[PDB]
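For reference, the chains in residue letters:
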Amino acid sequence: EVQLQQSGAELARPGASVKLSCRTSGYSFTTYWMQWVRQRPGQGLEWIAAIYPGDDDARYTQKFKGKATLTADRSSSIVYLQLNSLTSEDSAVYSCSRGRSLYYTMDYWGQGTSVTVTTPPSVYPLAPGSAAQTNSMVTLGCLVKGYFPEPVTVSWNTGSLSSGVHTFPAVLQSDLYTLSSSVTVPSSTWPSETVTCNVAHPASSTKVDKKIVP
Amino acid sequence: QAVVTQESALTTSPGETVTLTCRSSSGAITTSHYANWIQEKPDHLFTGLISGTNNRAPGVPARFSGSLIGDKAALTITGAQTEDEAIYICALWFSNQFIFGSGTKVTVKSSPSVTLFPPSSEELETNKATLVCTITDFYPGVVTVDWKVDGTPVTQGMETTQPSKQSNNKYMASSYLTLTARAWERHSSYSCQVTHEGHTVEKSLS
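The rules behind the values
- Residues numbered from 1 in each chain as written, not as in the entry; some residues may be left out.
- Chains lettered and ligands numbered in written order.
- Heavy atoms only, no water.
- Residues with missing side-chain atoms left out of burial classes, pairs and counts.
- Domains from an automatic or database assignment.
- Disulfide = S-S within 2.5 Å.
- Helix = DSSP H or I, 4+ residues; strand = E, 2+ residues; numbered from the N terminus.
- Pairing = 2+ DSSP bridges.
- Axes fitted to C-alpha atoms, helices over the stretch in contact; angles between N-to-C directions.
- Contact = heavy atoms within 4.5 Å.
- Buried area = accessible area lost by both parts, 1.4 Å probe.

Novice: Which residues make up the domain arrangement of chain B, and what values do they have?
Specialist: Reports often express the size of an interface as the amount of accessible area lost when the parts come together. Here chain B is described as being made up of domain 1 (1–109) and domain 2 (110–205). Each of domain 1 of chain B and domain 2 of chain B has a C-alpha centre, and the two are 38 Å apart.

Rendered as structure tokens:
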């Protein structure tokens, strides 16, 4: 029942500002401290700042003093992290954790909201190829090629088909990602039935439902 | 400020008792360092284990005990359940802020299934062609996927991803060989080879 939920992935242009949010539930918002940490790509965690929602006691580190500004909305249970003068090296996953004291802190953590300081994907349907059914099961795939930025959200039959869906990790080449997804449908069902692969790219506001045909 | 250091990787068998140390560049680690042990799981899944040097977090199996060993801190896992495979970070309080260790990837079988897909038609039409080889069901997640055209190894063009642990305590990954409409048609076969634990597995298409 204790949960800290953070905003979704953000895409910020350089020299810009981001206001992430971390809403809390399952506990007294104004009795626990709110700490923020970030993890640039291959760097290890860095402590950013902290705020006591009850008192509005915000304590930073010398480094982020002027660029990070935490605010708390006592009514909505949300703590906000403003970040200005965005640089490439700011690209990282920002996380929030609650705490009580140096003896008890960083027990419950958010999920992390990724910030990246816009090209939609090109989806290609992958039909079996080897038409000689491997067994009672046949597998279709969807190639989500050349997109930016992360992420995309692949779905099969708009969620109807959730059994045996394997969405693999993206690869990167020249600032463009590409990723694969698959779903194993029992022979009988396809192509007798229509199988669609839905791909959404939040950052560009595009959605593509590709009917995968043989 | 200082530099916290942890052993990059500690391997162990289920049930064993392993000890993760953590030290600083400042010197000896006392109680006024309030060491915190954070367990990180895939996708930035953080879970607090110990805090204040040895205070178990709310709801964490007692096999996780924090303690000071000499001038270093120490997270002790006695009876490592397979599920304890993750990264362990020690954070040290250096007046006014925390300083995090890099992490300790604690590592507490099965042969792979290869799945090849020939390029899509709409992609060939764009003078391009990506062969997708999806590797499923391997454990431990550690493979070396190579490609071969006509039996001759290919080097440039292959893009292989990091092994993701499917919930099933097994892994999966995906390699790609980006070719041109021309090259695809130009050859006889295309082989996706994967090497796992001394033994190779390969699947091809024409």
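Novice: Describe the state of the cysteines, and please don't skip the residues or the numbers.
Specialist: Residue and element names in this part refer to chain A. On inspection of all chains with the given rule, the structure shows four disulfides over all chains. Here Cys22 pairs with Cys96 through a disulfide, and the sulfurs are 2.0 Å apart. With the S-S bond torsion at 80°, the cross-link from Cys22 to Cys96 turns out right-handed. Here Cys22 is found in strand β3 (residues 18–25), whereas its partner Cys96 is found in strand β9 (residues 92–101), with 74 residues between them in sequence.

Novice: Give a description of the sheet that holds strand β5 (residues 64–69) of chain B that names residues and reports values.
Specialist: All names here are of chain B. The strand order β2-β6-β5 describes an open sheet built from three strands, whose pairing is antiparallel. Of all strands in the sheet, those with a lone pairing partner are β2 (17–22) and β5, marking the two edges. On average, each strand axis in the sheet is inclined to that of its neighbour by 25°, with strand direction left out of account. Across six bridges, β5 lies against strand β6 (residues 72–78) in antiparallel orientation. Paired with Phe64 across the two strands is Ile77, which belongs to β6.

Novice: Account for the domain arrangement of chain A, naming residues and giving values.
Specialist: All names here are of chain A. What the domain assignment reports for chain A is domain 1 (1–118) and domain 2 (119–213). On a C-alpha basis, the centres of domain 1 and domain 2 stand 34 Å from each other. Each partner contributes to the interface: domain 1 provides four residues, whereas domain 2 provides seven residues. Summing the contributions of domain 1 and of domain 2, the shared interface buries around 380 Å²; its carbon and sulfur component is 78%. If you sort the residues of domain 1 by the area they bury against domain 2, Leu11, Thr116 and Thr118 come out on top, with a joint share of 87%.

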